[PDB]
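For reference, the structure discussed in these notes is given below.
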Amino acid sequence: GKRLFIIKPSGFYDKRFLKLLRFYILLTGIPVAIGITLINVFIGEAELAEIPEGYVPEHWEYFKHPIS
Amino acid sequence: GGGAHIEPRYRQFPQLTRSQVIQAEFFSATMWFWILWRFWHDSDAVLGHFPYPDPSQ
Amino acid sequence: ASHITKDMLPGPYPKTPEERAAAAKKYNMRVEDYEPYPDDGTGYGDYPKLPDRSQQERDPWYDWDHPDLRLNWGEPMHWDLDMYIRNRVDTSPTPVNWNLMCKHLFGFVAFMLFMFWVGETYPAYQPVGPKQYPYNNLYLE
Amino acid sequence: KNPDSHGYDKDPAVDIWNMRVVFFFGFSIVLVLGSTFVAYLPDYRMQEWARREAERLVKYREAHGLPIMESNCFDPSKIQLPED
Amino acid sequence: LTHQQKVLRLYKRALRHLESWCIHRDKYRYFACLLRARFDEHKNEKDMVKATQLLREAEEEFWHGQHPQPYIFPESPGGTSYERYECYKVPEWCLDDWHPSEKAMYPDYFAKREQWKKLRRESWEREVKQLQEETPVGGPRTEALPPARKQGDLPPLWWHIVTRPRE
Amino acid sequence: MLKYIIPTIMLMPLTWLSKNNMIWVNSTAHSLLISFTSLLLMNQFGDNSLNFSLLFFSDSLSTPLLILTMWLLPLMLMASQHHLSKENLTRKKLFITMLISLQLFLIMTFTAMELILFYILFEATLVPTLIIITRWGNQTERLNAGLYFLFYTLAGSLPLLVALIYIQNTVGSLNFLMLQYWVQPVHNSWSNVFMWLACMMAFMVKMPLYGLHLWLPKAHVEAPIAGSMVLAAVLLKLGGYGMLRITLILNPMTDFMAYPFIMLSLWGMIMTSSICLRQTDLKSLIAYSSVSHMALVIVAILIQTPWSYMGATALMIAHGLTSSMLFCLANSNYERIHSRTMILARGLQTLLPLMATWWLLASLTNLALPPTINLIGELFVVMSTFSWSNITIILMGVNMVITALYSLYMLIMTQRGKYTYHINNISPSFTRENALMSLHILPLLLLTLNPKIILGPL
Amino acid sequence: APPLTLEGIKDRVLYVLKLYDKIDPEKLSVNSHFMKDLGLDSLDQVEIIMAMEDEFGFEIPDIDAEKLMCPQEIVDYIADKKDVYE
Amino acid sequence: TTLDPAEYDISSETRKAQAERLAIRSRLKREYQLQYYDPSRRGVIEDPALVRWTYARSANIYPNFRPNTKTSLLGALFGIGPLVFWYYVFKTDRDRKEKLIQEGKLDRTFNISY
Amino acid sequence: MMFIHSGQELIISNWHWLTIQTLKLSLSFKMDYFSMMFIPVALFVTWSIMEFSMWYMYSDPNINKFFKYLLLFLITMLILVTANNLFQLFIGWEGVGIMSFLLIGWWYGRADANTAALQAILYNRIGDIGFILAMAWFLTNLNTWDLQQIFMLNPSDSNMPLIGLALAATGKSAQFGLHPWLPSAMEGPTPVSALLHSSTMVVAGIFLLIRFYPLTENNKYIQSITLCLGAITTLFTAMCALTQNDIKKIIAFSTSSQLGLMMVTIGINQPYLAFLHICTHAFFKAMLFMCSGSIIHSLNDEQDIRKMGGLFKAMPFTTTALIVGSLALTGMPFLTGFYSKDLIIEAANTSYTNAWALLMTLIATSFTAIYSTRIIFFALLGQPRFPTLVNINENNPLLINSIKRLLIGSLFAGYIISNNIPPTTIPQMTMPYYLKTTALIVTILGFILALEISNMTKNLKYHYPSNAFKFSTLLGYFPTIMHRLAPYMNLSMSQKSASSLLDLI
Amino acid sequence: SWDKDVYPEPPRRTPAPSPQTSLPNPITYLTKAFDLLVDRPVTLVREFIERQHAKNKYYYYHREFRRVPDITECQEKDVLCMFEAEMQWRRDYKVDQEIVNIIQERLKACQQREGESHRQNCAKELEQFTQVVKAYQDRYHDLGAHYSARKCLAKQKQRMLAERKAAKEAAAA
């Protein structure tokens with residue numbers, strides 16, 4: 001009835017884009033996402049105290065954190 | 001198109017919906033009723049009056 | 001790849017009629033008062049022969065002005081003279097050269113003296129002399 | 001450059017290869033996989049170590065006799081101090 | 001501008017700045033003939049210097065009495081919400097870059113477009129070359145013969161003839 | 001260390017050795033990988049800085065600055081691709097080689113362990129850059145940019161080698177920065193000014209003062225296709241950091257004459273940004289930004305008293321990106337329309353809608369909205385340089401005004417209706433247009449989350 | 001969105017022009033040629049567009065005054081301005 | 001104030017022989033639209049007034065320059081001048097502020113920053 | 001409610017951003033007395049505002065993104081009120097100053113629209129230059145910017161650090177000399193200026209100074225320039241209001257002169273009684289504008305005060321919204337802000353006041369009548385005048401739903417907010433005669449001179465278009481020359497010299 | 001938690017209830033409500049892992065250095081012996097920053113802990129605080145050499161001025 005014709009230059013090359021981010025940026029995001037929670041669930045930083053550790057403690061890995 | 005639901009005016013002064021104005025007018029009370037308690041009970045100033053400090057003695 | 005004689009050369013004059021218009025028609029007849037003259041105060045290399053300057057000022061005015069486009073949108077073929085201040089400038093106002101603002105901005109400057117006084121309400125002025133006494137004057141008790 | 005091919009970089013194939021070789025190498029393996037690295041990367045500029053040790057040592061002096069934040073010039077009468 | 005019609009551009013605006021001064025709708029209307037009286041006071045006399053004092057002194061008494069913030073007729077050379085809608089502006093010839101699967105929509109419309117072009121595909125051989133016949137040397141305002149003598153296709157096609165609408 | 005120079009020189013025959021057109025994707029693929037190695041052993045200390053070899057401490061220094069240098073390489077081949085596809089492969093094999101041949105020294109420099117490897121490698125460029133400017137120019141004015149780019153850079157950097165060979169045999173050995181543990185001062189004479197003046201002015205002629213910048217827009221206005229080496233020459237300039245290695249020491253105690261370098265560049269900072277407003281050529285318009293809030297570091301460095309180095313470091317890599325990326329926009333929009341004249345392109349923002357938010361986030365980081373690095377790199381400048389004398393708040397407070405009218409006028413010039421005559425400009429920014437324009441704003445703003453990785457030692 | 005047609009513009013223009021007591025409402029409407037009702041040189045052509053602006057209200061361009069000979073000509077192009085009938 | 005700007009002046013009838021001031025322009029808008037209307041163009045127009053707008057402005061001065069008139073030796077009043085001034089302002093400070101930092105203590109003891 | 005029982009305000013320590021030499025900046029929030037009350041209000045209006053736009057913008061294809069642009073605005077304007085870390089105040093300070101550009105700049109083209117942006121971001125950036133001065137001064141002296149610490153450890157000389165603040169006050173509070181920006185800040189969409197000018201963006205200029213109350217109570221220099229400033233803002237706005245022809249414009253100056261009373265109240269030391277004003281006021285002018293929507297749109301448009309007509313033609317409800325609010329702003333006889341404008345000139349008016357503002361301010365109170373009655377009498381009073389075919393329909397579920405909430409949440413508001421407070425100060429409460437209704441005393445004849453002059457403007461004996469008067473009045477005449485000058489004396493002088501004129505020579 | 005004497009705070013002083021009144025209080029319909037929609041999804045999960053976390057216990061130690069190196073060691077021109085005499089001095093300038101941090105936050109606990117008085121209470125922090133920083137920038141702050149940090153070369157040449165001037169040239173002392 002009363003009607004017109006919308007005009008837009010292109011939506012396709014923009015929609016064909018944003019995917020290659022949003023698709024890929026997750027693709028290694030989500031696998032990197034579990035390892036930031038699961039790896040912390042069963043494994044966490046503890047504790048203190050002290051220690052003399054006999055002769056000398058280990059090398060680096062004095063840190064308090066899962067991956068640090 | 002969309003619909004005819006109201007036609008325009010050639011300056012025949014279009015009609016109202018008849019629930020348009022009454023539903024509004026009940027909010028002409030809320031200024032005229034809520035103005036009730038102004039003078040009841042409060043005066044132009046509720047103060048107390050300075051009694052001209054005459055005792056300079 | 002315009003080949004020869006792209007822009008202005010060593011003016012202001014060599015044959016004022018040779019320039020406008022050989023190409024670059026600023027004037028039609030070589031005197032429109034658009035002749036590539038306006039090298040006012042030379043020796044400044046600024047604006048050589050230049051099918052160009054002092055053509056008048058205050059705006060392209062951007063209105064109906066509709067042979068085709070004629071001002072700031074639609075780009076008539078070649079008039080260009082001076083520009084780039086023209087998108088932040090317009091024409092004649094209603095009044096002319098009245099600074100009454102420096103008057104009004106100084107209108108309060110009258111009340112600078114109203115600053116040196118105070119506004120203390122109680123008591124009134126009551127012309128006095130030595131009645132003032134902001135705090136105390138005579139003995140305490 | 002559109003004979004109604006879609007295209008990104010150049011031509012038929014490796015263009016399609018050339019998009020996955022930028023997007024995937026470019027980020028999700030670096031702007032993400034790498035960004036993870038420094039996120040929780042170990043104590044930077046030995047400040048983590050400092051908080052506690054500039055914590056413990058406060059009260060040690062405050063407990064027995066000692067003042068706090070001396071600046072006594074590192075044990076004078078270790079220095080002969082040339083006068084003239 | 002020919003000396004004859006020079007009062008019109010004043011006669012157009014004269015009452016124009018008036019109405020923005022008056023308030024009541026009759027006020028404009030009541031002063032109409034009353035201020036209309038002054039025009040024909042000398043109705044028929046010389047075109048030159050004799051009546052040029054109807055042009056000469058018209059300058060003052062107009063500019064004097066000017067700028068009571070006139071009514072601007074909103075969509076117009078100036079004033080609010082005139083050029084307002086540019087967020088469409090109808091960029092005609094948006095139909096080029098698509099990558100179909102965006103072209104599935106409006107199939108009847110894509111059919112119609114390529115039918116318009118045939119005119120502009122070849123209308124030229126007599127369209128352009130007639131302008132080499134039409135204007136002998138330095139011709140002023142440049143439109144073709146109004147018909148183009150048989151069928152104009154458009155001729156001004158299509159930039160002025162298909163140009164952009166307003167919504 | 002060799003962890004780096006060796007693969008990046010190993011790159012060199014990863015390219016020609018390949019086949020036909022596979023070349024671009026071949027090297028762009030690997031060239032990204034090295035970035036894992038880039039961080040790999042780096043971002044160690046921190047305190048008591050890293051030196052892993054005799055003549056290299058790669059970067060310890062808290063001037064990390066090297067990670068960027070390894071970014072911009074496989075941002076070029078995404079950048080440079082446009083019109084370089086139109087000549088021969090054995091030449092296209094060259095332009096990728098010399099471009100690497102640059103990238104190899106910028107890893108050598110910034111480490112250098114010393115003064116005298118710096119210099120010969122500080123002058124070791126200009127062989128690779130000069131060859132990219134003169135060939136593959138556009139206009140014919142390029143031939144003069146070839147000379148002007150020398151005859152300054154080289155003009156006064158010879159007085160270095162007269163001075164640095166004068167120190168080597170005067171006090172001990174300059175062989176190592178990490179031993180300054182004996183340094184006597186410089187009191188005064190009519191000889192020592194020159195020493196201080198010889199050990200300085202060579203650096204100024206790179207990061208411009210308001211004098212002797214006469215070359216900077218000459219080379220950038222007319223310069224290779226993509227900004228292909230114009231992205232690199234916005235790395236080269238800021239790399240005059242080495243003044244941070246000297247003026248910290250090695251004549252510490254002459255501030256006596258500092259003032260002609262303060263009031264000369266401090267009134268130019270309010271200046272050359274203002275001669276940038278009426279420019280009619282766009283790649284000029286950006287070239288004068290690059291002077292301005294770069295030349296602010298020269299009043300950050302000369303003043304001692306950190307909170308400047310807190311803020312002076314963030315700036316070298318502040319516009320290191322923003323000022324990079326703008327040359328990437330003005331390139332693209334030039335592919336389609338072949339004038340660099342700013343006026344001509346108008347009536348965009350309808351026809352390329354996605355590239356709207358690209359201009360904005362660029363022109364917004366000269367405005368320096370508070371959260372990003374930019375201000376947190378400027379507001380450690382103002383905090384110390386205020387204490388110098390209270391009056392610096394005015395001029396450099398004006399800088400924060402004219403720069404805002406400066407940026408917008410570049411965007412808002414591309415919001416207008418223009419349909420006008422262009423039948424060109426069809427391409428709706430094929431991915432590379434928006435891919436290489438990213439990998440800037442994503443990594444840039446990001447750092448604000450943990451912005452202790454850009455800071456000096458102080 | 002407001003519906004517009006070509007009838008009202010033949011009516012409205014017919015309407016107020018038939019409202020003025022200076023014109024008898026037996027006179028021609030669509031074509032009078034207006035030169036019979038042009039009297040005089042002024043106070044007609046610019047006079048008649050003084051009112052017709054009061055209803056639609058776009059600007060009534062100057063150079064479009066000389067199109068006003070034909071009473072079908074005025075209504076003719078007002079269709080082309082406001083995007084009127086198909 | 002800026003300016004009259006002369007919206008009326010003398011005229012009438014002299015300089016009515018001045019015509020073809022429009023013939024100058026009318027030629028072009030005929031030719032320009034003769035340019036601007038064509039089916040196959042797809043590209044910008046030369047527009048020489050712009051070519052002669054920049055190129056007679058940016059370049060083409062130091063070529064035209066001569067170091068002669070002492071209104072072109074003016075710039076010493078402009079370029080160098082205030083640059084000496086800013087030295088005169090500062091060098092007094094940074095000293096007046098310094099002398100007090102030695103004899104007498106202006107600051108407080110809770111200022112560690114700096 | 002949790003606060004209006006036990007007090008107990010809070011902050012938060014959360015998340016350490018970089019820690020440099022000594023001062024350690026992380027982030028926080030502030031629950032303080034300005035946080036507890038205001039924030040519910042600024043959300044409560046904006047609760048009702050989007051519905052209006054939801055009808056107004058209903059046909060715009062980009063609507064989806066509009067509410068995005070309008071959303072961040074509320075977000076970041078909301079972090080200004082809540083932050084106790086002085087830097088953090090500056091994140092949202094400029095976060096909003098950019099949002100103006102991206103809204104006023106809604107319509108492209110329209111050579112005025114996008115040049116109303118370049119105004120907004122020009123004048124704020126000057127008004128920026130101050131607040132980075134008092135950001136510097138605290139370090140070199142106090143070695144922190146924390147709003148807690150300054151107030152615990154008091155500065156002696158605030159003279160320089162504070163005057164900087166009074167300058168950034170005037171940038172966003174639309175004071176005099178920076179004012180020309182508002183009247184041209186209206187060129188965008190209507191619900192924009194509803195949001196921009198009511199409870200937000202114009203409040204920060206006089207908001208920020210309030211937060212500084214504990215330190216600013218001393219040092220008469222501070223107090224002095226304030227009331228020697230804000231009072232003057234009024235009568236240059238008032239004297240520029242009259243004769244102006246647009247619905248939107250007059251409603252722009254109305255809020256321009258609402259400021260002069262606020263900033264005065266900082267001048268005399270009245271920290272809280274200043275801020276209660278905005279809490280109340282904001283309920284007005286959102287309604288007042290949002291009322292005019294159905295007037296502008298459903299009339300297909302005018303937004304001229306000419307061609308309006310009378311009170312009742314199918315506008316029964318909206319015209320009741322005007323005459324309630326547009327009455328309320330007139331000095332609050334029993335209504336909402338009865339505790340706002342009314343408790344000022346009756347309290348701080350007993351003080352050391354300059355004995356000019358008393359003359360000056362109370363005169364501005366008069367024009368508060370003719371502000372209203374003018375745009376009432378041309379729109380709601382005279383005979384209908386406007387072209388035929390007017391389609392007006394006010395039956396609009398997505399509109400009537402919006403007004404009804406405010407006016408209800410209007411009348412009761414002023415008393416609820418005020419009735420519940422811990423009292424923070426001592427008002428004089430002994431107010432002698434002739435100091436008492438002296439505001440109301442003026443408005444009483446305002447309405448007199450409103451209607452008598454209205455009829456004397458229109459209904460009078462035909463006082464002719466007599467060409468001779470002085471109008472420096474309807475223009476303001478400052479926007480005439482300067483904006484013809486500042487882009488001359490600078491752009492074309494210190495550039496065209498500095499340009500290729502020199503660098504190439 | 002933390003170390004008590006590292007972060008001392010005054011005790012709680014819980015306020016007494018004062019119902020006094022016959023009217024309903026809504027908080028008791030919330031603190032009795034809100035508690036029941038919180039504890040279940042919240043406290044059960046923290047207890048859930050904290051036992052789930054009983055399966056493994058790591059270690060990270062308390063790093064304490066070995067101090068032989070002194071300030072008067074050793075040679076004038078020397079490198080080896082004066083490489084370390086900063087490592088003593090550099091860490092001990094990273095400490096004395098933070099001890100200003102800790103003492104500063106303790107100050108804030110003098111205010112919003114109280115904030116009404118702000119004056120007649122705390123007895124300590126402020127009157128102490130400006131006796132702390134005045135023990136800071138003197139001799140522990142190399143200024144304006146702070147850019148170079150001038151470690152141990154200028155560190156003792158303030159403190160030569162703090163010797164070769166004070167205590168002798170003081171005239172007469």
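Identifiers in this document derive from the order of the structure tokens: chains are assigned A, B, ..., residues are numbered from 1 separately in each chain, and ligands are numbered from 1 in order of occurrence.
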
* **For residue 329 in chain F: contacts at 10 Å, only C-alpha atoms, fewer than 5 positions along chain excluded, given as a count of residues only** => 11

Which residues, written as a short mmCIF file (atom, residue, chain, number, x, y, z; two decimals) with N, CA, C and O atoms, in the first residue's frame, have at least one atom at most 6 Å from range 131-148 of chain I, with only C-alpha atoms counted and residues fewer than 3 positions away on the same chain left out?
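Contents of the output file part.cif:
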data_model
loop_
_atom_site.label_atom_id
_atom_site.label_comp_id
_atom_site.auth_asym_id
_atom_site.auth_seq_id
_atom_site.Cartn_x
_atom_site.Cartn_y
_atom_site.Cartn_z
N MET F 383 52.40 17.16 36.00
CA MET F 383 52.62 17.19 37.43
C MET F 383 54.04 17.54 37.82
O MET F 383 54.22 18.27 38.80
N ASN H 111 55.23 17.13 52.16
CA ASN H 111 55.50 17.11 50.72
C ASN H 111 56.67 16.16 50.49
O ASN H 111 57.83 16.50 50.71
N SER H 113 56.39 14.73 47.32
CA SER H 113 56.22 14.69 45.89
C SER H 113 55.78 16.07 45.42
O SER H 113 54.80 16.57 45.97
N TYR H 114 56.43 16.73 44.45
CA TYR H 114 57.62 16.33 43.69
C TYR H 114 57.41 15.05 42.91
O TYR H 114 56.28 14.71 42.57
N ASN I 84 35.19 9.12 44.79
CA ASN I 84 35.93 9.91 45.77
C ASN I 84 37.40 10.09 45.39
O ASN I 84 38.12 10.80 46.09
N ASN I 85 37.85 9.47 44.32
CA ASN I 85 39.24 9.55 43.89
C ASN I 85 39.34 10.63 42.83
O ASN I 85 38.81 10.47 41.73
N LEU I 86 40.02 11.74 43.15
CA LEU I 86 39.85 12.94 42.35
C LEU I 86 40.09 12.67 40.87
O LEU I 86 39.35 13.19 40.03
N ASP I 128 37.70 23.01 30.93
CA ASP I 128 38.63 21.99 31.37
C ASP I 128 39.89 22.59 31.98
O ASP I 128 40.34 22.10 33.02
N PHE I 151 40.18 16.53 53.17
CA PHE I 151 39.26 17.01 54.19
C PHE I 151 39.74 16.66 55.59
O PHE I 151 39.39 17.36 56.54
N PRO I 161 44.55 27.07 44.29
CA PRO I 161 43.95 25.80 43.88
C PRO I 161 42.46 25.87 43.70
O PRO I 161 41.92 25.17 42.85
N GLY I 164 40.90 27.87 40.37
CA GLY I 164 40.83 26.97 39.24
C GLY I 164 39.51 26.24 39.17
O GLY I 164 38.89 26.16 38.11
N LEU I 165 39.05 25.73 40.31
CA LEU I 165 37.80 24.99 40.34
C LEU I 165 36.63 25.86 39.93
O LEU I 165 35.78 25.43 39.15
N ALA I 168 36.29 25.80 36.17
CA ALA I 168 35.67 24.61 35.62
C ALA I 168 34.22 24.50 36.01
O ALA I 168 33.44 23.88 35.28
#

* Asked: Could you name the residues that touch range 105-107 of chain C at 12 Å or less, counting only C-alpha atoms, but leaving out those on the same chain fewer than 6 positions away, as a PyMOL selection string?
  -> (chain C and resi 99+113) or (chain I and resi 176-177+232-233+235-236+476-478)

Should the cut-off be 6 Å, what would the residue list for chain A against chain J look like, counting only C-alpha atoms, as a PDB file with N, CA, C and O atoms, in the first residue's frame?
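Output (part.pdb):
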ATOM      1  N   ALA A  46      48.758 -21.546  47.915  1.00  0.00           N
ATOM      2  CA  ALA A  46      48.856 -21.670  49.357  1.00  0.00           C
ATOM      3  C   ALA A  46      50.253 -22.143  49.706  1.00  0.00           C
ATOM      4  O   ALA A  46      50.895 -22.765  48.883  1.00  0.00           O
ATOM      5  N   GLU A  47      50.741 -21.805  50.896  1.00  0.00           N
ATOM      6  CA  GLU A  47      50.085 -20.824  51.743  1.00  0.00           C
ATOM      7  C   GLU A  47      51.080 -19.806  52.234  1.00  0.00           C
ATOM      8  O   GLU A  47      50.990 -18.632  51.916  1.00  0.00           O
ATOM      9  N   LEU A  48      51.976 -20.268  53.078  1.00  0.00           N
ATOM     10  CA  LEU A  48      53.049 -19.478  53.672  1.00  0.00           C
ATOM     11  C   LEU A  48      53.923 -20.467  54.431  1.00  0.00           C
ATOM     12  O   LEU A  48      53.833 -21.682  54.212  1.00  0.00           O
ATOM     13  N   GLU A  50      57.204 -21.968  55.913  1.00  0.00           N
ATOM     14  CA  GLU A  50      57.920 -20.709  55.889  1.00  0.00           C
ATOM     15  C   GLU A  50      58.773 -20.625  54.617  1.00  0.00           C
ATOM     16  O   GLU A  50      58.526 -19.729  53.820  1.00  0.00           O
ATOM     17  N   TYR A  62      58.901 -19.674  43.487  1.00  0.00           N
ATOM     18  CA  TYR A  62      58.524 -19.136  44.789  1.00  0.00           C
ATOM     19  C   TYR A  62      57.191 -18.401  44.757  1.00  0.00           C
ATOM     20  O   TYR A  62      56.798 -17.824  45.770  1.00  0.00           O
ATOM     21  N   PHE A  63      56.516 -18.365  43.613  1.00  0.00           N
ATOM     22  CA  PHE A  63      55.344 -17.526  43.419  1.00  0.00           C
ATOM     23  C   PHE A  63      54.106 -18.110  44.100  1.00  0.00           C
ATOM     24  O   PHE A  63      54.028 -19.303  44.400  1.00  0.00           O
ATOM     25  N   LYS A  64      53.126 -17.244  44.349  1.00  0.00           N
ATOM     26  CA  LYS A  64      51.833 -17.664  44.881  1.00  0.00           C
ATOM     27  C   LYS A  64      50.759 -17.385  43.840  1.00  0.00           C
ATOM     28  O   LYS A  64      50.189 -16.298  43.795  1.00  0.00           O
TER      29      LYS A  64
END

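Every chain E residue lying within 9 Å of chain I, based on only C-alpha atoms, is listed here: residues 18, 20, 21, 22, 23, 24, 25, 27, 61, 64, 65, 66, 68, 69, 71, 73, 74, 80, 81, 82, 83, 84, 85, 86 and 87 of chain E.
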
* Asked: Got a sec to pull out which chain G residues are within 12 Å of chain A, counting only C-alpha atoms, and send them as a ChimeraX atom specification?
  -> /G:1-4,86

Using only C-alpha atoms, please write the residues we just selected to a file, as a compact mmCIF listing (two decimals), in the first residue's frame.
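File written: again02.txt
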# COMPACT_ATOMS: atom_id res chain seq x y z
CA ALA G 1 3.46 9.43 6.33
CA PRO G 2 0.61 11.96 6.06
CA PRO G 3 -1.32 10.98 2.94
CA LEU G 4 -1.13 13.49 0.12
CA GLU G 86 2.89 9.47 -8.78

Each chain C residue no farther than 9 Å from chain E, nearest pair in Å, only C-alpha atoms, as JSON lines:
{"residue": "C:62", "atom": "CA", "partner": "E:77", "partner_atom": "CA", "distance": 8.0}
{"residue": "C:63", "atom": "CA", "partner": "E:77", "partner_atom": "CA", "distance": 5.2}
{"residue": "C:64", "atom": "CA", "partner": "E:77", "partner_atom": "CA", "distance": 6.0}
{"residue": "C:93", "atom": "CA", "partner": "E:67", "partner_atom": "CA", "distance": 8.8}
{"residue": "C:94", "atom": "CA", "partner": "E:67", "partner_atom": "CA", "distance": 6.1}

Write out, as an mmCIF file, in the first residue's frame, the residues just selected, with N, CA and C atoms.
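Written output follows (part.cif):
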data_model
loop_
_atom_site.group_PDB
_atom_site.id
_atom_site.type_symbol
_atom_site.label_atom_id
_atom_site.label_comp_id
_atom_site.auth_asym_id
_atom_site.auth_seq_id
_atom_site.Cartn_x
_atom_site.Cartn_y
_atom_site.Cartn_z
ATOM 1 N N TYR C 62 25.551 30.783 1.055
ATOM 2 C CA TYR C 62 24.864 29.493 1.217
ATOM 3 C C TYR C 62 23.352 29.661 1.396
ATOM 4 N N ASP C 63 22.689 30.029 0.304
ATOM 5 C CA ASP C 63 21.234 30.190 0.286
ATOM 6 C C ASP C 63 20.731 29.643 -1.045
ATOM 7 N N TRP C 64 19.474 29.951 -1.373
ATOM 8 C CA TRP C 64 18.845 29.448 -2.587
ATOM 9 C C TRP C 64 19.841 29.530 -3.730
ATOM 10 N N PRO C 93 24.885 42.326 9.785
ATOM 11 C CA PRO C 93 23.872 42.273 10.846
ATOM 12 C C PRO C 93 22.885 43.428 10.720
ATOM 13 N N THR C 94 21.897 43.444 11.619
ATOM 14 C CA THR C 94 20.928 44.533 11.607
ATOM 15 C C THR C 94 21.539 45.856 12.079
#

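Among the candidate residues B:20, B:51, B:56, B:31, the one lying nearest to residue 327 in chain I is B:31, with distances computed using only C-alpha atoms.
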
* Asked: Where in chain A does DSSP assign alpha helix (DSSP H), given as an MDAnalysis selection string?
  -> chainID A and resid 12:15 19:27 29:34 38:41

* To do: Within 9 Å of chain C, which residues of chain H are there when counting only C-alpha atoms? Please give them as a PyMOL selection string.
  => chain H and resi 1-5+7+18+20-25+27-29+31-33+35-36+45-53+55-58+60-69+72

* Asked: If we count only C-alpha atoms, which residues of chain E reach to within 12 Å of chain D? Please list them as a ChimeraX atom specification.
  -> /E:96-101,103

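Of the listed residues (A:41, A:56, A:4, A:25), A:25 comes nearest to chain F; the distances count only C-alpha atoms.
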
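Taking CA of residue 81 in chain H and CA of residue 152 in chain F as the two end points, the separation is 26.2 Å.
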
* **residue 48 in chain G environment, 10 Å, only C-alpha atoms, sequence neighbours closer than 2 positions dropped, as a VMD selection string** => chain G and resid 16 to 17 20 38 43 to 46 50 to 53 68

* **12 Å contact set for range 32-45 of chain B, only C-alpha atoms, chain neighbours under 6 positions out, as a PyMOL selection string** => (chain B and resi 25-26) or (chain I and resi 324+332-336+338+346+408+410-412+415+429-438+440-441)
